[PDB]
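Have a look at the structure below, then the notes.
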Amino acid sequence: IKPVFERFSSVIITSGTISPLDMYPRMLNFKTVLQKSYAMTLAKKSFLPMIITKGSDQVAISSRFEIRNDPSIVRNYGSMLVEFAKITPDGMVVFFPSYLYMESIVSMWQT
Amino acid sequence: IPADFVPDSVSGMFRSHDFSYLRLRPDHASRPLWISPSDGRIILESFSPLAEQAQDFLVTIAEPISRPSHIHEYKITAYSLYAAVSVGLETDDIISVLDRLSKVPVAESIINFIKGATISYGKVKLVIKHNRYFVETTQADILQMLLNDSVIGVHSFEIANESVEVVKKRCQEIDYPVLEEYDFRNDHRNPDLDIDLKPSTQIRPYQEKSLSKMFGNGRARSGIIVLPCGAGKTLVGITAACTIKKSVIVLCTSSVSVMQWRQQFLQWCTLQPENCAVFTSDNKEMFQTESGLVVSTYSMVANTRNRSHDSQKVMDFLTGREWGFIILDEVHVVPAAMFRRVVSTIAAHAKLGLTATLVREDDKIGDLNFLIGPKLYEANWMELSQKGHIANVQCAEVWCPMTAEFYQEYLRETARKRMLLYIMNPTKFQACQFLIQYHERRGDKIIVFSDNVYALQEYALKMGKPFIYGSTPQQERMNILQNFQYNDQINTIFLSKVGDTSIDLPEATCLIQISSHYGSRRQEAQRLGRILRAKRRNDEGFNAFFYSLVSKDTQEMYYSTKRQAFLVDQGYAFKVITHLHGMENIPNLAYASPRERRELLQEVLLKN
Amino acid sequence: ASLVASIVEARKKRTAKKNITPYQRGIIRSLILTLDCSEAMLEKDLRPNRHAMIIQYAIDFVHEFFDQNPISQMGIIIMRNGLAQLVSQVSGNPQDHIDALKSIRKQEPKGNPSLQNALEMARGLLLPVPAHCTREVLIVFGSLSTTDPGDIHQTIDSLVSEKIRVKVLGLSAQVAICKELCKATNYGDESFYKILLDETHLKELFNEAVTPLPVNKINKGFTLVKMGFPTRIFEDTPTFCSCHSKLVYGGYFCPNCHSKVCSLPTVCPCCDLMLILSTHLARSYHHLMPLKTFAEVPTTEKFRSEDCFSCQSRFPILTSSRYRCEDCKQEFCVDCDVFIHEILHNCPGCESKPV
Ligand SMILES: [Mg+2]
Ligand SMILES: [Zn+2]
Ligand SMILES: [Zn+2]
Ligand SMILES: [Zn+2]
Ligand SMILES: [Zn+2]
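Next comes the structure, spelled out in structure tokens:
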């Protein structure tokens with residue numbers, strides 16, 4: 338970024354999911370003239386985030402590679418995968434952290 | 013009486029029962045509470061405000077006599093007020109809240125009763141220092157009066173382990189009760205056990221209430237917790253052990269229960285199978301770790317008739333270990349005389365009692381006050397039934413009309429054989445055969461209960477499906493159990509007093525009783541709890557089915573009424589069925605012909 | 238403090254009904270209700286199950302539709318197991334479809350839906366329909382998906398080309414393809430893909446679907462239609478009917494070809510001309526002559542009268558419950574306002590007031 342910053346002054350760095358703002362001038366030796374965000378001025382709620390800390394049997398779940406081949410965690414994962422598939426009208430996406438984690442867990446739910 | 017109360021002409025059979033002398037407050041619409049000062053009873057509305065806040069308070073300070081859907085009959089007792097002040101509560105606050113939420117003026121006798129039922133909370137305590145029951149009280153004021161008592165013979169002194177139960181009964185009698193709240197965080201004399209609440213365990217709200225009522229101070233309050241069947245008492249005990257983090261011993265009254273709670277414990281807590289050493293005649297191993305657990309049933313400590321030297325070594329090891337926590341699961345049998353050696357043997361600090369039923373034939377259930385303590389928590393049975401924590405049952409009591417074929421011999425039979433003679437009625441066989449047909453037509457797993465092995469095997473043989481009783485060996489009974497569970501050849505089974513309690517068989521949503529005990533209510537209540545823990549207790553449109561085939565023209569109607577009256581008072585009614593369904597629509601009936609009836613009559617005459 | 242919440246709820250309700258319009262609304266209707274009877278409606282999730290309540294509500298819908306608009310024919314095709322099954326041809330007798338629905342009661346809902354097949358054969362059933370008849374279909378749906386043999390968009394284009402509208406009453410939530418159907422069929426409107434929130438809301442939605450719909454200016458079909466009032470006879474002798482070929486004591490007589498029938502409002506089987514009564518055509522005149530809303534006068538201002546003009550009862554006294562007909566300058570109670578606005582279809586204050 339040094340050729341960029343020392344070649345151009347009118348440089349705008351912005352995004353939608355940058356947080357915290359100061360960490361990027363922390364990791365990269367540059368400074369900016371002003372650092373603030375924007376709140377969501379929403380009339381009504383339109384996005385509903387949930388934190389699933391426990392399965393249907395009140396059993397917690399995690400993506401740790403050591404406990405990756407845990408059949409109970411598999412049972413929970415397939416459980417709410419099925420439930421959200423049944424209640425999902427149009428389109429749903431799943432995001433595992435790693436492809437091998439996929440390949441294992443999809444092959445054994447295929448089992 | 014806040015009145016003159018001139019006796020009314022209609023108050024004659026109201027022997028101090030006409031409760032209209034009270035000046036009813038105009039806030040009777042809002043307030044949900046009456047007081048019955050004649051017997052100490054409490055009448056509570058289920059359709060007026062403040063009842064949700066007052067329900068836990070009334071459970072804490074009072075006992076319910078009857079709770080149907082409309083009016084709850086409660087009763088303040090000194091036992092419940094002691095439980096209240098043991099949780100942490102006081103007479104003046106109780107009186108203030110009672111007048112705050114009471115439609116009626118507070119009775120003088122009730123005020124005096126709550127004033128009397130205030131204990132010296134914190135004055136009398138006991139601790140264990142190196143398997144040493146040290147009576148550590150806060151003052152020598154306690155020491156003066158206790159040494160003034162003739163039984164006994166900051167500052168701590170010794171009382172022998174068998175003398176601990178007697179002096180606890182005595183101090184309860186002189187109303188100087190001891191609280192046993194272990195400072196397991198402060199005490200490090202006992203070996204701390206690195207067991208953690210795994211995130212895989214999350215706790216029900218009433219179970220959290222049960223914990224926090226005995227974890228209000230952070231110490232483990234010692235006592236009883238009564239929860240219904242399948243509520244998660246194992247989870248409550250696991251949570252208590254994980255938040256105590258000390259050496260813990262739990263004893264339950266079955267080796268099958270040993271075997272199931274050991275796997276439950278190693279499942280839902282972070283204690284290791286190395287730390288857990290299981291003690292029975294299968295194996296008597298010990299764990300050599302500084303902290304951990306040894307499980308056995310009550311038999312391998314009570315028995316001295318036929319004991320091995322390895323059993324002697326194990327019970328010596330558990331004698332040597334100063335535990336920090338003890339739970340007596342199914343606490344209804346430990347106050348029996350060969351079983352109440354728990355304080356005399358095991359050095360354990362916190363004493364918790366988990367069971368389903370807090371009733372028995374005699375008054376040994378109140379001995380748990382000076383054995384383990386009072387009831388720290390109870391869950392409301394119909395509240396959990398509507399919450400889905402326990403099941404909803406459409407119980408159908410079958411009044412089988414008595415056959416004269418068997419009655420003619422039953423009337424002239426001697427008393428020891430009249431029972432087996434009227435259990436075995438051919439009409440009852442016919443009704444049971446169609447009921448099994450009808451519920452396999454509905455597709456329900458059926459479990460049949462008989463008090464007699466010969467009747468159980470005769471019913472089982474007439475079905476063509478096997479039997480399980482108390483004399484059946486463990487290997488054969490588990491083979492039959494797995495055949496019933498998985499094999500479709502074994503559609504129904506024939507259980508007994510090994511199936512009435514202390515098992516985990518919730519698949520059978522249909523239950524038919526062909527026989528039971530003479531008057532033991534607890535066996536019938538546990539048989540009801542066998543299906544109260546059923547898995548489909550949450551789905552819409554569910555009603556479990558309970559059946560009791562009882563012969564007419566006997567004392568068995570009164571016997572069944574006695575056995576069922578606790579469940580009726582709980583809210584589990586017993587509906588009247590005499591004329592059954594599908595009578596003759598079934599083609600082929602067990603011992604239908606009168607020749608067949610006389611055949612079975614002389615077959616049972618071979619024994620009777 | 239409940240009256241303030243009721244007042245603001247009434248305000249937010251009346252904001253939608255502030256605009257009342259005399260749109261041209263269809264009278265010669267053509268209504269089709271297709272039913273799915275699949276695994277989804279086997280859910281007991283609403284008591285007793287979705288199948289039972291849609292059966293009961295369809296019974297009510299048939300009754301209300303034939304009562305309000307007897308000048309239409311009603312056809313019902315069920316959807317079951319990947320097949321759409323015709324059970325009710327379009328007919329003037331509601332009782333036929335009532336019996337068919339009673340047959341649908343005892344049978345078991347199962348399978349998977351196919352809106353492509355359902356709408357295709359609904360189109361084919363709607364094909365031999367005269368120009369003045371307004372072809373419109375109600376669709377109930379409980380799935381979130383639809384197994385189909387082929388494209389739905391060709392069917393959408395064909396349905397739009399053949400001037401048939403749809404209205405979807407989905408069960409669980411919104412389905413994007415159903416939204417697309419409602420929008421594209423309905424000139425971009427989103428006022429046709431409706432989702433209930435409870436069974437009472439479902440009842441209200443069915444009652445809403447009972448009503449006739451306005452037509453569009455661009456969709457112009459303004460014409461005449463031949464009509465004939467028949468005459469009823471009450472004869473001593475039983476006589477053979479033309480329709481069902483059986484002996485009838487009475488029966489109307491054909492005005493044109495002098496045959497006899499058994500029921501009305503029906504078309505002739507012989508001269509093939511529609512026969513009605515003037516009551517039947519006047520039945521929708523409240524739709525033809527709508528009623529203005531009545532305004533509560535404020536409690537602060539001076540009052541013309543203190544008791545109800547129509548029902549003759551005292552107005553209750555914080556706020557003022559005096560719903561005023563500005564067309565007749567008289568205030569009324571809430572009960573009379575409800576009755577005149579829904580059950581009655583005239584204002585007696587405007588009847589007394591001379592014009
Ligand atoms: Mg048994
Ligand atoms: Zn006819
Ligand atoms: Zn004609
Ligand atoms: Zn009025
Ligand atoms: Zn008017």
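Protein chains in written order, with the numbering used here: chain A, 338 to 448; chain B, 13 to 620; chain C, 238 to 592.
A virtual CB, placed ideally from N, CA and C, is assigned to each residue, including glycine.
Between the C-alpha atoms of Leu-110 of chain B and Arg-35 of chain B there is a straight-line separation of about 16 Å. Residues of the same chain with a CB within less than 7 Å of the CB of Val-462 of chain C, apart from the 5 flanking positions on each side, are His-369 in chain order. With 6 Å as the limit between CB and the heavy atoms of ligand 4, the residues that fall short of it are C:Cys-545, C:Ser-547, C:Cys-548, C:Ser-550, C:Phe-569, C:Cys-570, C:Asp-572, C:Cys-573.
In terms of Cα proximity to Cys-407 of chain B, the closest of B:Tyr-584, B:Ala-95, B:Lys-127, B:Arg-43 is B:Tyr-584. For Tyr-361 of chain A, the enclosing alpha helix (DSSP H) begins and ends at 360-364.
Contact annotation: the stretch 368-388 of chain B touches the stretch 341-353 of chain B, with at least three C-beta pairs closer than 8 Å. Proximity of the beta carbon of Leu-510 of chain C to ligand 3 is indicated: a heavy atom of the ligand is located closer than 7 Å. The C-beta of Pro-217 of chain B comes no closer than 8 Å to any C-beta of chain A. Shortest Cα-Cα distance from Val-306 of chain B to any of B:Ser-234, B:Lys-325, B:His-321 involves B:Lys-325. Chain B places a beta carbon closer than 8 Å to that of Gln-395 of chain A, counting this residue as a contact. Distances between the C-beta of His-517 of chain C and the heavy atoms of ligand 2 are all 7 Å or more. Counting only heavy atoms of ligand 5, the residues whose C-beta sits closer than 5 Å to one of them are, along the chain, C:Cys-562, C:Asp-564, C:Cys-565, C:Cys-584, C:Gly-586, C:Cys-587. Taken from the Cβ of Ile-480 of chain B, at least one heavy atom of ligand 1 lies inside 7 Å. Using a 10 angstroms sphere on the CB of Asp-463 of chain B, the tally of other CB atoms reaches 16 or more, which defines it as buried. For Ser-212 of chain B, the neighbours in chain A by C-beta distance under 7 Å run, in chain order, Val-396, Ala-397. Its Cα nearest to that of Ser-351 of chain C, the residue C:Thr-384 stands out among C:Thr-384, C:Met-311, C:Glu-357. The set of residues with CB atoms less than 5 Å from any heavy atom of ligand 2 reads, in chain order, C:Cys-478, C:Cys-480, C:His-481, C:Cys-499. Apart from the 5 residues on each side of it in sequence, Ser-558 of chain C sits with its Cβ closer than 7 Å to the Cβ of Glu-533, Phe-552, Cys-570, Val-571 in its chain, given in chain order. Here the alpha carbon of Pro-434 of chain A sits roughly 11 Å from the alpha carbon of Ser-399 of chain A.
Residue pairing by DSSP places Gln-322 of chain C opposite C:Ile-315 in a beta bridge. Within the DSSP secondary-structure output, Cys-407 of chain B pairs in a beta bridge with B:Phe-558. Fewer than three pairs of CB atoms, one per stretch, sit closer than 8 Å, so the stretch 554-565 of chain B makes no contact with the stretch 496-504 of chain B.
Annotated as distal: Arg-53 of chain B and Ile-83 of chain B, with beta-carbon spacing of 8 Å or more. When 9 Å is used as the limit between beta carbons, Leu-433 of chain C is near no residue of chain A, the shortest such separation being about 15 Å. Under the Cβ criterion of 8 Å, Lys-368 of chain A is not counted among the residues facing chain B.
For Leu-381 of chain C, the nearest beta carbon of chain A is closer than 8 Å to its own beta carbon. Of all residues in the stretch 409-426 of chain C, only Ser-409, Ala-410, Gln-411, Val-412, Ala-413, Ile-414 come within less than 9 Å of chain A when Cβ atoms are compared, listed by chain position. Within 7 Å of the C-beta of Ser-508 of chain B there is at least one heavy atom belonging to ligand 1. Our two residues, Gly-400 of chain B and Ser-212 of chain B, have alpha carbons roughly 22 Å apart in a direct line. Counting only runs of 3 or more residues that sit fully inside the stretch 491-527 of chain C, no beta strand (DSSP E) segment turns up. Contacts with chain B (Cβ-Cβ distance below 7 Å) from the stretch 417-431 of chain A involve no residue at all.
Runs of the alpha helix (DSSP H) lying entirely within the stretch 240-316 of chain C and spanning at least 4 residues, in chain order: 287-305. Judged by the Cβ position, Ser-382 of chain C fails to qualify as a neighbour of ligand 3 at the 7 Å threshold, every heavy atom of the ligand being at least this far. Ligand 3 never approaches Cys-415 of chain C closely enough for any of its heavy atoms to be under 7 Å from the residue's Cβ. For the pair of segments examined, the stretch 112-123 of chain B was found not to touch the stretch 156-171 of chain B: the number of CB pairs separated by less than 8 Å stays below three. Ranking B:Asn-295, B:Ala-520, B:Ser-528 by CA distance to the CA of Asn-503 of chain B puts B:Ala-520 first.
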